[PDB]
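All heavy atoms count here, side chains included; hydrogens, waters and symmetry mates do not. For the single chain, residues carry numbers from 1 onward in sequence order. Each ligand, and each atom within it, is numbered from 1 in the order the structure gives.
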Amino acid sequence: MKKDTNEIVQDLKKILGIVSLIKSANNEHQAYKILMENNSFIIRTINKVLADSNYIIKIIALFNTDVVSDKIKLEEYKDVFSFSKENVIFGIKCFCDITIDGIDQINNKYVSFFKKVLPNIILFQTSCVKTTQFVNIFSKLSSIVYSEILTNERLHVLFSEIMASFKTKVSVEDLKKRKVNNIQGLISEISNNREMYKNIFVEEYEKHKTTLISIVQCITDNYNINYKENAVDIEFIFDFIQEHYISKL
Ligand SMILES: CCCCCC/C=C/CCCCCCCCCC(=O)O[C@H](COC(=O)CCCCCCCCCCCCCCC)COP(=O)(O)OC[C@@H](O)CO
Ligand SMILES: CCCCCCCC/C=C/CCCCCCCC(=O)O[C@H](COC(=O)CCCCCCCCCCCCCCC)COP(=O)(O)OCCN
Ligand SMILES: CCCCCCCC/C=C/CCCCCCCC(=O)O[C@H](COC(=O)CCCCCCCCCCCCCCC)COP(=O)(O)OCCN
Ligand SMILES: CCCCCCCC/C=C/CCCCCCCC(=O)O[C@H](COC(=O)CCCCCCCCCCCCCCC)COP(=O)(O)OCCN
Ligand SMILES: CCCCCCCC/C=C\CCCCCCCC(=O)O[C@H](COC(=O)CCCCCCCCCCCCCCC)COP(=O)(O)OCCN
């Protein structure tokens with residue numbers, strides 16, 4: 001699967017390329033043109049990701065070259081991280097039970113873009129969830145995520161402190177001089193320095209957990225985001241992903 005992990009780096013380059021075209025675009029109508037000119041790529045990729053029950057394990061394999069050299073590891077990874085067509089269906093159904101009464105509906109050209117692709121996402125049609133609802137939740141959520149990452153001040157503070165602490169453990173100047181600036185260089189740096197970057201991640205996460213949970217919980221509260229007409233428990237979600245997913249890497 002050296003070509004399939006090649007597939008993922010090739011897809012991420014084209015994705016980041018779409019992104020840099022949208023960021024540096026003069027207005028919405030230009031970004032909407034940019035998304036439509038990539039219309040078949042975005043729909044093919046979603047469909048291709050969702051039908052590849054091993055896609056997550058192929059992402060792990062970019063970062064652990066030592067996994068491809070051991071089918072026991074790979075298969076103990078497929079036990080945790082492989083998802084089926086019905087897992088995808090189940091996850092879409094669960095997605096539409098999120099309510100965000102905290103902000104009006106979004107209708108810009110991204111939302112109109114979003115509704116043009118969904119009748120071609122095969123497994124989304126299979127779910128028989130109403131497009132109006134799914135679009136509404138997805139557009140409200142991604143509007144919140146992007147707005148909070150750009151505008152939330154506690155998040156900016158926290159990002160700054162993790163950034164500074166990072167710089168005291170890794171020489172970013174010497175990384176830039178060894179040309180670890182691109183996506184491939186960055187992938188290779190992490191995969192060859194696995195144990196360290198993962199310990200850096202764990203330690204920064206543990207040091208800053210209370211802030212991070214608090215910030216995200218205050219976001220879900222301040223937009224009244226519910227799951228099954230109930231408050232969302234960020235702490236429980238984060239501890240959950242930790243015990244069943246992150247810890248098994
Ligand atoms: C811009 C693109 C970025 C997107 C990419 C997404 C990447 C996600 C994860 C990538 C890397 C994750 C961490 C890698 C570390 C792997 C090892 C590991 O994390 O497993 C172990 C679990 O512990 C631990 O802290 C685990 C640390 C806990 C982390 C909890 C994560 C919670 C995040 C929740 C986000 C969910 C989103 C939904 C929002 C509601 C830690 O390592 P070990 O040496 O076994 O032991 C040391 C400790 O266990 C104590 O003994
Ligand atoms: C560069 C990034 C490196 C990331 C490293 C991985 C970190 C992972 C942390 C994120 C959260 C973990 C997600 C685990 C999802 C897999 C679990 C799953 O199978 O879903 C099952 C339930 O399904 C659901 O509810 C939702 C499933 C949807 C997952 C599929 C989503 C596709 C993922 C593709 C990611 C995007 C790729 C883009 C990159 C170019 C679990 O049920 P089970 O009882 O455990 O089934 C047992 C039978 N196997
Ligand atoms: C693996 C399973 C997961 C796949 C799920 C498929 C979803 C992929 C579909 C992507 C199509 C885009 C969907 C529209 C999202 C609507 C977000 C939204 O509400 O718009 C705004 C959110 O902000 C933005 O998104 C601004 C635009 C920046 C980039 C937007 C789109 C990124 C393009 C990604 C291209 C890659 C697609 C390929 C995926 C495989 C609302 O914010 P605002 O403050 O009102 O103003 C923004 C001013 N720039
Ligand atoms: C970087 C981009 C961030 C995107 C964040 C929003 C994406 C939404 C989907 C993300 C995956 C959600 C992970 C679900 C896995 C948790 C599985 C689980 O434990 O089951 C359930 C966990 O509860 C849920 O499923 C919540 C449903 C997902 C909604 C989470 C979205 C919250 C919004 C956060 C946005 C904050 C933005 C922060 C910006 C950095 C327990 O539910 P229960 O059975 O009714 O019992 C209640 C027990 N307390
Ligand atoms: C960037 C490169 C890729 C990085 C990989 C990260 C991608 C993962 C993020 C999205 C995938 C969702 C992550 C959580 C995985 C689900 C956790 C899980 O184990 O499954 C179940 C999930 O828990 C839930 O009840 C639902 C939680 C909310 C799921 C909604 C958000 C994810 C689904 C979105 C589907 C995306 C595909 C749609 C594409 C258009 C456990 O449910 P259960 O009630 O306990 O009963 C079933 C078995 N007990």
Side-chain angles (χ1 to χ4, degrees), residues 8 11-12 14-25 27-28 31-32 34-36 38-39 41-50 52 55-60 62-63 80-81 83 86-100 103 105-118 120-125 127 129 134-152 154-155 158-159 212-213 215-223 225-246:
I8 297 180
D11 281 339
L12 169 67
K14 190 169 174 76
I15 281 167
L16 299 172
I18 307 320
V19 169
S20 302
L21 296 175
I22 290 165
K23 293 179 179 179
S24 80
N27 58 77
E28 157 155 18
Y32 176 99
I34 293 180
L35 287 155
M36 297 289 310
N38 300 267
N39 167 63
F41 166 78
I42 301 154
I43 186 167
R44 165 168 68 112
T45 297
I46 296 152
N47 279 328
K48 179 195 50 183
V49 168
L50 265 53
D52 183 2
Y55 203 77
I56 288 160
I57 294 169
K58 296 172 180 180
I59 294 184
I60 294 169
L62 284 175
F63 300 110
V80 171
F81 294 94
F83 58 88
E86 158 47 25
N87 291 148
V88 180
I89 294 169
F90 178 85
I92 289 179
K93 185 186 305 147
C94 298
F95 187 88
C96 303
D97 298 343
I98 294 166
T99 70
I100 310 167
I103 303 301
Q105 293 177 335
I106 311 316
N107 289 337
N108 47 31
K109 285 304 228 172
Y110 299 91
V111 162
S112 43
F113 186 73
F114 190 40
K115 322 173 165 213
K116 294 204 142 164
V117 288
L118 273 163
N120 309 94
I121 296 304
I122 294 169
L123 289 196
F124 175 89
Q125 287 303 130
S127 68
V129 309
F134 186 87
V135 164
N136 178 97
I137 294 169
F138 182 89
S139 302
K140 294 186 177 178
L141 281 191
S142 61
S143 165
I144 282 156
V145 168
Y146 165 96
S147 171
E148 293 321 283
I149 303 149
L150 275 155
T151 72
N152 195 308
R154 296 171 66 205
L155 213 55
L158 167 63
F159 177 32
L212 176 68
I213 297 288
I215 282 174
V216 181
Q217 180 75 55
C218 286
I219 295 175
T220 75
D221 290 356
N222 299 333
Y223 285 117
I225 305 191
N226 298 300
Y227 174 69
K228 293 179 179 179
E229 293 177 350
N230 302 309
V232 175
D233 188 331
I234 298 298
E235 169 70 34
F236 167 81
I237 291 173
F238 272 45
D239 289 349
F240 173 92
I241 288 181
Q242 174 177 335
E243 303 326 334
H244 296 113
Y245 300 119
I246 310 303

N/O donor-acceptor pair under 3.5 Å between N87 side chain and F90 backbone:
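It does not hold such a pair.
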Does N47 reach the main-chain N or O of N120 with its side chain, forming a donor-acceptor pair under 3.5 Å?
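Yes, because the side chain of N47 sits within donor-acceptor range (under 3.5 Å) of the backbone of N120.
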Distance below 4.0 Å between [atom] and any protein heavy atom?
atom: atom 23 (O) of ligand 3; result: yes
atom: atom 29 (C) of ligand 4; result: yes
atom: atom 46 (O) of ligand 4; result: no
atom: atom 9 (C) of ligand 4; result: no
atom: atom 12 (C) of ligand 4; result: no
atom: atom 20 (O) of ligand 3; result: yes
atom: atom 41 (C) of ligand 4; result: yes
atom: atom 3 (C) of ligand 3; result: no

Once you restrict to heavy atoms under 4.0 Å, what part of [X] touches ligand 3? Side chain, backbone, both or neither.
X: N108; answer: side chain
X: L50; answer: side chain
X: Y146; answer: side chain

If we only count heavy atoms from C-beta on, is the [X] to [Y] side-chain gap below 4.5 Å?
X: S142; Y: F114; answer: no
X: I59; Y: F81; answer: no
X: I46; Y: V117; answer: no
X: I225; Y: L141; answer: yes

Going by the order shown, which atoms of ligand 4 are within less than 4.0 Å of some heavy atom of [X]?
X: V216; result: 36 (C)
X: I98; result: 28 (C), 29 (C)
X: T220; result: 32 (C), 33 (C), 34 (C)
X: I219; result: 36 (C), 38 (C)

Rounded to the nearest 0.5 Å, how far apart are [atom1] of [X] and [atom2] of [Y]?
X: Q105; Y: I137; atom1: CD; atom2: CD1; result: 11.0 Å
X: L35; Y: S112; atom1: CG; atom2: OG; result: 9.5 Å
X: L50; Y: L123; atom1: CG; atom2: CG; result: 5.5 Å
X: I22; Y: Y110; atom1: CD1; atom2: OH; result: 6.0 Å
X: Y55; Y: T45; atom1: OH; atom2: OG1; result: 7.5 Å
X: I42; Y: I18; atom1: CD1; atom2: CD1; result: 6.5 Å

List the protein residues in contact with ligand 5, where contact means a heavy-atom separation under 4.0 angstrom.
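The 4.0 Å shell around ligand 5 contains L50, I59, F90, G91, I92, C94, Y227, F240, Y245.
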Determine, for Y223 and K140, whether the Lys NZ or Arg CZ falls below 6.0 Å from the six-membered ring centre while staying within 45 degrees of the axis.
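Output no; distance or angle outside limits.
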Looking at [X], I'd like to know if its [atom1] atom is crowded, meaning that more than 12 non-hydrogen atoms belonging to other residues, nucleotides or ligands lie closer than 6.0 Å.
X: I122; atom1: CD1; result: no
X: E243; atom1: CD; result: yes
X: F41; atom1: CZ; result: yes
X: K48; atom1: NZ; result: yes

Of the protein's non-hydrogen atoms, which lies at the shortest distance from [atom], and what is that distance?
atom: atom 44 (O) of ligand 4; value: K228 NZ, 4.4 Å
atom: atom 43 (P) of ligand 4; value: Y227 CE2, 4.1 Å
atom: atom 6 (C) of ligand 3; value: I46 CD1, 3.6 Å
atom: atom 49 (N) of ligand 4; value: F236 CD2, 3.6 Å
atom: atom 34 (C) of ligand 3; value: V19 CG2, 4.4 Å
atom: atom 17 (C) of ligand 3; value: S142 OG, 3.2 Å
atom: atom 1 (C) of ligand 4; value: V145 CG1, 4.5 Å
atom: atom 33 (C) of ligand 3; value: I22 CD1, 3.5 Å
atom: atom 7 (C) of ligand 3; value: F138 CZ, 3.8 Å
atom: atom 16 (C) of ligand 4; value: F240 CD2, 4.0 Å
atom: atom 14 (C) of ligand 4; value: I237 CG2, 4.5 Å

Go through ligand 3 atom by atom and flag the ones less than 4.0 Å from a non-hydrogen atom of [X].
X: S139; result: 19 (O)
X: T45; result: 40 (C)
X: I106; result: 19 (O)

With respect to [atom], which of [options] exhibits the smallest heavy-atom separation?
atom: atom 27 (C) of ligand 3; options: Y110, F114, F41; answer: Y110
atom: atom 36 (C) of ligand 3; options: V117, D11, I15; answer: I15
atom: atom 35 (C) of ligand 3; options: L12, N47, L150, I18; answer: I18

Looking only at heavy atoms, what is the nearest atom pair of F113 and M36, with distance?
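Smallest interatomic distance, heavy atoms only, reads CE1-N, 3.5 Å.
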Result of checking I237, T99, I98, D233 against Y227 for side chain to side chain contact (heavy atoms under 4.5 Å, CB included)
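So, applying the side chain to side chain contact (heavy atoms under 4.5 Å, CB included) to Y227 and each of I237, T99, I98, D233, only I98 qualifies.
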Test side-chain contact (heavy atoms from CB on, under 4.5 Å) on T220 and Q217 and set out the steps.
CA-CA 5 Å; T220 75; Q217 180 75 55; 3.2 Å; yes
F134 vs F95 aromatic rings, parallel, tilted or perpendicular, using cut-offs 30° and 60°?
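Plane angle between 30° and 60°, so tilted.
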